[PDB]
Structure formats: C-alpha cells, structure tokens
Amino acid sequence: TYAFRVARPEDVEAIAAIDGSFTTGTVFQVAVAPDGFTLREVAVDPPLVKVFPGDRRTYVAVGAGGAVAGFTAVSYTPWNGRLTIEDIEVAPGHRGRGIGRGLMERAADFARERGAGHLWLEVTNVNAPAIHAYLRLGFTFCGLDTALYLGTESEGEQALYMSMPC
Amino acid sequence: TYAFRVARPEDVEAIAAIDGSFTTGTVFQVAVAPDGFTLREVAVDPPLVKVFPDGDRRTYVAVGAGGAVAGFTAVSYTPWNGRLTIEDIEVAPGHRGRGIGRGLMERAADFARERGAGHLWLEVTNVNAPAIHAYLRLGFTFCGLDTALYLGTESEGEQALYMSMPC
Ligand SMILES: CC(C)(COP(=O)(O)OP(=O)(O)OC[C@H]1O[C@@H](n2cnc3c(N)ncnc32)[C@H](O)[C@@H]1OP(=O)(O)O)[C@@H](O)C(=O)NCCC(=O)NCCS
Ligand SMILES: NCC(=O)N[C@@H]1[C@H](O)[C@@H](OC(N)=O)[C@@H](CO)O[C@H]1/N=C1\N[C@@H]2[C@H](O)CNC(=O)[C@H]2N1
Ligand SMILES: NCC(=O)N[C@@H]1[C@H](O)[C@@H](OC(N)=O)[C@@H](CO)O[C@H]1/N=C1\N[C@@H]2[C@H](O)CNC(=O)[C@H]2N1
C-alpha cells in the first residue's frame, strides 16, 4: 500500500535516482505535411534506449517502509489556468500498482486548489510507454513542437503535447 | 523611408501604443483527430476582428523619416535548443505593406546569427491568416501547435500555431 505527501529536502536523492530511463519497441512517428501533422505508433528494431540528460509543487509516493516509489513535479500558470505536469515517474519495481494514477490525482488536487481549467504535459514522441499511460489516465494529444529538441541531445525526437480538462 | 535600430527606454511608450489589431476574411481552422491535426484556411463572414489583450533578449524598432516608431520586434534566444523566438512583431496601421515586417524579421535573423541560433520560431493564433501568409512568404513553415494554450484567456476558441525556419 502507497501513501502520498509533499516532497521534503531529504527526498532529493531518492527522486534523482528514479531517473526516467526506459527501453521501447515502439515510437510515435510524426509525419509533417504543409497542412498538418500525423502521429502513428511504429515498431523500432533494435529497441530504442532513452536516457534523460506557491505555484510549484512536488509530490512523492511512499511505500510502507518510507521509501519514495514515485514522484510528480507540477506548476500552475494563472494566465491560462494550466496545471503543467513537469515530470511524473514511478520506480520500475513499483509499476502497475496505481502509483501513477495516485500522483496524477495529487496533480488534479493542486489543479482544483488553484482553480485550473486543464492539466497539460510535454512527452517526447519516443516515450510510447508514458504516452500509453497518459492516454489511459484520460490525456489526449492537444499539439506538438517538431523544432523543440533541435540543437539538444534529443535532436531527431519531437515534443508531443497532451491535455485533459480538470 | 524606414530605418531600424535597437529600442531605447524612451521608445517604450510608442511601442505600447502600436496597435496589432487586424480584420481577416479567412482563418486557419484546426481539425483535432486522435492521431493528428489538420490546418485548412477557411472563409469567415462577416470578417473577424481580432484585438490583442538579458543579453539574450532584444527589441528592434522600425523608425519613419520623422523619427516615429512605425513597428517593433521583441526576440529572445534560448541557448539550450539554439532557438531565436520572435516573441512579438507589430507594424502600426497605416505603415503596413511597406516591407517593415520583412525588415524587422531580418534584424531578428541578424541577432540569431550573432548568438549562433539554429532556428527562428514564433507563436501565431490560428485566426491571424494575414500574419501566417506573411510568415510563409518569409520562409517559415508550421512546426506544431497547442490547441489548449488559450483556454481560460480572452482568446479561448483560438489555437496557438507554431512556425519555424532554419537560420
Ligand atoms: C507579419 C506582419 C508584421 C507583416 O507586416 P508588414 O510590414 O506589412 O509586412 P511586409 O510589408 O514586410 O511584408 C512581408 C512579406 O509578407 C507578405 N505578406 C504580408 N501580408 C500578406 C498576406 N496577407 N498574404 C500574403 N502575403 C502577405 C508581403 O507581401 C511580403 O512578401 P513579399 O516580399 O513577397 O512582397 C503583419 O503580421 C502585420 O501587418 N502586423 C500586424 C500585427 C500582427 O499580426 N501581429 C502578430 C501576432 S503576435
Ligand atoms: N515532461 C518534460 C519533458 O518532456 N522534458 C524534456 C526532457 O527532459 C528532454 O526531452 C527528451 N526528449 O529527452 C529534454 C531535451 O533534452 O527536454 C525537456 N523538455 C523541455 N525542456 C525545456 C526547458 O525546461 C524550458 N523550455 C521548454 O519548453 C522545456 N522543454
Ligand atoms: N506572438 C506571441 C503571441 O502569439 N502572443 C499571444 C497573444 O498575445 C494572445 O493570444 C491571442 N491569440 O491573441 C495571448 C492570449 O490572449 O497569448 C499570447 N501567447 C502567449 N503568451 C504566453 C506567456 O508569454 C507565457 N507563456 C506562453 O506560452 C505564452 N503564449
């Protein structure tokens, strides 16, 4: 059984060690036309390995022994009532136990507390696993930026944008 | 007729007073599918009227023969992805269609090359067909959008379209 709280300074090491790295046999391929964009899930072989290089809050999911099993960092922009999920990670050995949903429910709580109109996140097109998890939690594609990762370690990837009403 | 320079503190009043408002007979309509987005230019009738609500930031001003600010562009460089963002570009009504827009974008391109940018990038509302057509002519293409960006704003019902070009 897992419990939730606001992250504390002593959690910083455990949070950094839940690093987000993953292997995927699928990516969301972006086809650019002059008049629009198509997202299509596509097989890759060999599997792709991805390693990552007041209105803010970080929540931590905690096991019975007090160990951080996941976290979410969120930020509110009053201008458009957007709660951004800046990061959400569940430790690999603690997946499929509802922690992801629980951290997103804490994000939804902060949203309602601030009077947000929608949840929003950025996810790289190669992160098919996270995209599938977000789809199941009720997020849909609201856009993308094919240029965001130009001149970065992630060049060749596209930033996909997902939202849901609060 | 028009010259360009870096904005000075005394220009702030003239820049704020420049009216970016426009009338359009067309909008770029955004169709959302589960698997993508289509942009299609479409007629609106009657015409839509739209009113708008440190070393790596710069504002340029276009100046008429009498020294009056006729247009401006605010730009910002992010070294992380080598992006020069055109944050704002506005030409005063009655100085439009005289090459000021191109001239301000050329100054943006100069700042890009000075900072070693890889691309120019801008946000434009889907209803701003005139600016979109001008950006297409200057060499920009659609690199994305955010259909949720204007939720809870005066612009709700519009979509943010994203355009880029290599430097
Ligand atoms: C982009 C903008 C600044 C251009 O203003 P401008 O000074 O009249 O533009 P220029 O005269 O430099 O023209 C630039 C190019 O775009 C073209 N262009 C401008 N409007 C066009 C239109 N509606 N259809 C087709 N081409 C168009 C020009 O003909 C020119 O191409 P050319 O060199 O082949 O002739 C325009 O958006 C504007 O009038 N500003 C109003 C404010 C605004 O739209 N704000 C931006 C949203 S934040
Ligand atoms: N859920 C967040 C997320 O996906 N993070 C990305 C993630 O860390 C890496 O992306 C891949 N593809 O690995 C990384 C590329 O090296 O880009 C991150 N995205 C960013 N960082 C930018 C700056 O904070 C400011 N301006 C932006 O617009 C932000 N966008
Ligand atoms: N060329 C710039 C531009 O298009 N400006 C828009 C413009 O001023 C209005 O939009 C329409 N459609 O009128 C306005 C809402 O009404 O939103 C602006 N866009 C923004 N402002 C946000 C903040 O700066 C911080 N974070 C963002 O992500 C920015 N996005």
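Laboratory data are not the source of any read-out in this text; all were calculated from the coordinates shown. Here the Cβ is made from the backbone with ideal geometry for all residues, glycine too, and neighbour counts use every protein chain on show.
Condition check ((1) touching a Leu at 6+ places or on another chain (Cβ under 6 Å); (2) farther than 22 Å from B:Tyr150 by Cβ) across all residues:
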residue: B:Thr23; (1), (2): no, no
residue: B:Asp35; (1), (2): yes, yes
residue: B:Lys50; (1), (2): no, no
residue: B:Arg58; (1), (2): no, yes
residue: B:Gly66; (1), (2): no, yes
residue: B:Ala74; (1), (2): no, no
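Considering B:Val49, B:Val32, B:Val61, B:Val44, which residue is assigned to a strand (DSSP E or B), closer than 30 Å to A:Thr140 by Cα and away from chain A (no Cβ under 14 Å)? It is B:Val44. So in the stretch A:18-40, with the set limited to residues that are aliphatic (A, V, I, L, M) and exposed (fewer than 14 other Cβ atoms within 10 Å of the Cβ), which one is nearest to A:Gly70 (Cα to Cα)? For the stretch A:18-40, the residue satisfying everything is A:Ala31.
For the stretch B:118-128, the set of residues classified as within 14 Å of chain A (Cβ to nearest Cβ) and either of a type in the set (A, V, I, L, M, F, W, C) or away from ligand 3 (no atom under 11 Å from the Cβ) (or both) consists of B:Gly118, B:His119, B:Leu120, B:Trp121, B:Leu122, B:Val124, listed by residue number.
Quick one: in the stretch A:131-153, of everything that is more than 9 Å from chain B (Cβ to nearest Cβ) and assigned to a loop (DSSP other than H, G, I, E, B), which residue is nearest to ligand 2 (Cβ to nearest atom)? If we take residues in the stretch A:131-153 being more than 9 Å from chain B (Cβ to nearest Cβ) and assigned to a loop (DSSP other than H, G, I, E, B), then A:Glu153 is nearest to ligand 2 (Cβ to nearest atom). For the stretch A:74-117, a residue qualifies if it is of a type outside the set (A, V, I, L, M, F, W, C) and either in contact with a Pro (Cβ under 7 Å, 6 or more places away or on another chain) or within 12 Å of chain B (Cβ to nearest Cβ) (or both), and the qualifying residues are A:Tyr76, A:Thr77, A:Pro78, A:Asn80, A:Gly81, A:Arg82, A:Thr84, A:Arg114, A:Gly115, A:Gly117. The residues of the stretch B:141-167 that are touching a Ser or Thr at 6+ places or on another chain (Cβ under 6 Å) and closer than 17 Å to A:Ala147 by Cα, listed by number, are B:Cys143, B:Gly144.
When you scan the stretch B:9-16, do you find a residue that is farther than 16 Å from B:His133 by Cα and buried (at least 18 other Cβ atoms within 10 Å of the Cβ), even just one? No, because not a single residue in the stretch B:9-16 is farther than 16 Å from B:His133 by Cα and buried (at least 18 other Cβ atoms within 10 Å of the Cβ).
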